[PDB]
Number of protein chains: 2
Amino acid sequence: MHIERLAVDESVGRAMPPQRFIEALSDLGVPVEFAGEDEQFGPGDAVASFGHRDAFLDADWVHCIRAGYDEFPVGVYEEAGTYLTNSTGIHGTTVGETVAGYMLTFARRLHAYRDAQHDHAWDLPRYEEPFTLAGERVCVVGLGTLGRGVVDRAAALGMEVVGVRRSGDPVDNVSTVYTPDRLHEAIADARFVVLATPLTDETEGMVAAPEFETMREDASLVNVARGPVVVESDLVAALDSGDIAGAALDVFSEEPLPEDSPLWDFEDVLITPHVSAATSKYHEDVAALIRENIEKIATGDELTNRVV
Amino acid sequence: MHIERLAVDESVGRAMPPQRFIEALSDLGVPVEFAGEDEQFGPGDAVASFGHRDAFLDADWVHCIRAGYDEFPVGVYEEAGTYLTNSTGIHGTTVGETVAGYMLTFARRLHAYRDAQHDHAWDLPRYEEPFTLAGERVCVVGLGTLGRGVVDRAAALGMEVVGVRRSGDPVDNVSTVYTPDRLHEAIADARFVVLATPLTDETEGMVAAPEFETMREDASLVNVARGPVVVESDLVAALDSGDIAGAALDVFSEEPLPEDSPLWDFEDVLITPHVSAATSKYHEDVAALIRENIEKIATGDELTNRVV
Ligand SMILES: NC(=O)c1ccc[n+]([C@@H]2O[C@H](COP(=O)([O-])OP(=O)(O)OC[C@H]3O[C@@H](n4cnc5c(N)ncnc54)[C@H](OP(=O)(O)O)[C@@H]3O)[C@@H](O)[C@H]2O)c1
Ligand SMILES: NC(=O)c1ccc[n+]([C@@H]2O[C@H](COP(=O)([O-])OP(=O)(O)OC[C@H]3O[C@@H](n4cnc5c(N)ncnc54)[C@H](OP(=O)(O)O)[C@@H]3O)[C@@H](O)[C@H]2O)c1
Ligand SMILES: [Cl-]
Ligand SMILES: [Cl-]
Ligand SMILES: [Cl-]
Ligand SMILES: [K+]
Ligand SMILES: [K+]
Ligand SMILES: [K+]
Ligand SMILES: [K+]
Ligand SMILES: [K+]
Ligand SMILES: [K+]
Ligand SMILES: [K+]
Ligand SMILES: [K+]
Ligand SMILES: [K+]
Ligand SMILES: [K+]
Ligand SMILES: [K+]
Ligand SMILES: [K+]
Ligand SMILES: [Mg+2]
Ligand SMILES: [Mg+2]
Ligand SMILES: [Mg+2]
Ligand SMILES: [Mg+2]
Ligand SMILES: [Mg+2]
Ligand SMILES: [Mg+2]
């Protein structure tokens, strides 16, 4: 399979300016070209894209610039003979730092202080409100690149770390790992529950009213995975009733989050606009994977992060 | 010395409910009692207090429940034969976590997102705005309990750490230690400059217009020390002119921060109301110091954290 061109789909703009990425891929050994949204593809084309387009099935290879490839019809790629790769492996530091930032925000009450800053108010916390992450329990659901980025930072901060993954097998810096049919055992005693799984048939709606019942009333949910891993209306109901204390949410069942969502209005909810993995160097981070896979395809080696 | 009672001055309420601290010391080996602000003291009395009262000079021992004793008349304690101890040693985790929180808030843009949350606005950052702490440089000025709490967390997050202390001697997790006469060299290339010194003769007004000139235009100041280590009007001017990018400020020249201060209104300033060390377990953390010095008094050993 003989790549002659890398097309950079305009949808990459949802993560990074296309020209920054195109410039990062100079010296690839094939030309790199911008592709607008209604262009055609053919043999010899590789495409780098955020979203899926059916026109891509005329190309030889699509590199999805996201870790999560849930919006791509994987079955149709195989039939068309188009390779599909993803960008898992590059988001550990960005998302790990954002999640550490969410947990420290809640522990040290930074968000409440920011609210007060708008009012020029010197509002002192109640004695019980500020706490330390050190000594507190976090459950990380999904123990891959994202989850491990969270775990390693949580462990370094002195948290007790448990988690969940498909295999249930051990992970460094996780004291106890559970399979997904022991999720309720994993989350029950945690001060924070972090979601870092792909969106699949299995994970869709994982976290719903039963899970919020099981969680501690003083616990917070962190979702940096995909919105539909949570049943969003159940999350709203749990927040309304005080079944849990709050949440840090980067992803939602409808994005952008509608202006009329109830989720904006809770003091102890942090909303971030699907930017937990944002970075001014995303173009370099993704370019490294493209260079790697170009070499693999050129030499007949197995592609890195091949989905189908 | 021979202690028969610990009085808990009501001013401890500026950090912790007095009854919580009294009850935490129910097995100390001497009785512990609430003291109101106009009580008198005598031989055998120890007193725990946030601030100084002249009535305490009739006691044998005052434990200041703060690390910083700059509002105590140290001179006069020696004359009265009253021992004075402070609470340095107990704020590393709380302040370390807060400062990691500030830094992660700036890197990951969480404060901007909080502001947008109030407006129900899905506001995407500029491409260049989000970055990672990993790989960025922090200079920690003061390498004691606070400063080491910052250092260790910064280092674990992948930062390059340099710092400043009086002795110049190496410190674990600091790549390069400078003496205070090389402050300008220490700060010049740092993305974050963190202040963690006591307020002394030498430290007052350390950070003023010339230091803001020296610092990078993209850098942020963190002050968790004392407000007067900074020349506050010079900080405002520096922020206005874009000499530095922003600041996380827990302490100020005048506290509470006056409502007319320009500091409240900068997007890239975080105001917190002298709470970087706040904790729902402060009672336990201070109690541990009392228990340690009661053992020292009983055995005739030197007191821990003795100021005079
Ligand atoms: N918010 C953002 O900007 C952002 C950025 C990047 C990624 N994401 C999302 O995060 C997802 C994960 O990315 P990643 O790079 O960390 O993926 P990854 O490295 O493939 O890790 C996935 C992890 O999920 C586990 N898992 C799968 N099904 C599970 C289940 N039912 N319950 C519990 N754990 C389960 C896997 O278990 P095993 O270890 O046993 O295989 C693995 O530990 C992506 O698919 C994407 O949706 C979000
Ligand atoms: N915001 C808050 O709520 C909060 C909480 C606790 C403390 N504080 C403030 O923080 C201060 C430090 O507390 P701590 O427990 O960390 O004290 P500490 O353990 O005694 O450490 C003080 C450090 O400052 C260094 N130092 C002294 N003069 C300096 C100078 N001119 N330039 C640079 N470094 C200098 C000392 O250097 P050497 O090691 O070489 O002697 C030491 O490393 C307290 O005095 C208090 O004012 C604030
Ligand atoms: Cl949903
Ligand atoms: Cl109480
Ligand atoms: Cl000043
Ligand atoms: K094809
Ligand atoms: K991975
Ligand atoms: K383990
Ligand atoms: K619950
Ligand atoms: K429960
Ligand atoms: K007790
Ligand atoms: K005395
Ligand atoms: K100390
Ligand atoms: K060192
Ligand atoms: K000066
Ligand atoms: K400057
Ligand atoms: K400069
Ligand atoms: Mg409140
Ligand atoms: Mg269920
Ligand atoms: Mg609202
Ligand atoms: Mg090879
Ligand atoms: Mg100077
Ligand atoms: Mg204002």
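Here, residue 1 is simply the first one shown, and the rest follow in order.
Here the Cβ of each residue, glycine as well, is placed from N, Cα and C on the backbone.
What Swiss-Prot annotates here:
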ACT_SITE  B:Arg226  active site
ACT_SITE  B:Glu255  active site
ACT_SITE  B:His274  active site, proton donor
BINDING   B:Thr145, B:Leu146, B:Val224, B:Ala225, B:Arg226, B:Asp250, B:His274, B:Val275, B:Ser276, B:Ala277  NAD(+) binding site
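Between the candidate active-site residues, B:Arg226, B:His274, the densest Cβ environment within 10 Å is the one around B:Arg226.
Residues near B:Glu255 (active site) in space but far in sequence (CB under 8 A, at least 6 apart, same chain), listed by position: B:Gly227, B:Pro273, B:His274. By a simple count of nearby Cβ atoms, those within 10 Å, the most crowded of the binding-site residues B:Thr145, B:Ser276 is B:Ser276. The NAD(+) site in the record is lined by B:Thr145, B:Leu146, B:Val224, B:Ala225, B:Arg226, B:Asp250, B:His274, B:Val275, B:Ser276, B:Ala277, and its two most distant CA atoms lie 17 Å apart. In three-state terms derived from DSSP, B:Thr145 (NAD(+) binding site) belongs to a helical segment. Reported as a whole number, the C-alpha separation between B:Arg226 (active site) and B:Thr145 (NAD(+) binding site) equals 15 Å. If you draw a 10 Å sphere around the CB of B:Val224 (NAD(+) binding site), it holds 28 other CB atoms from the protein chains shown.
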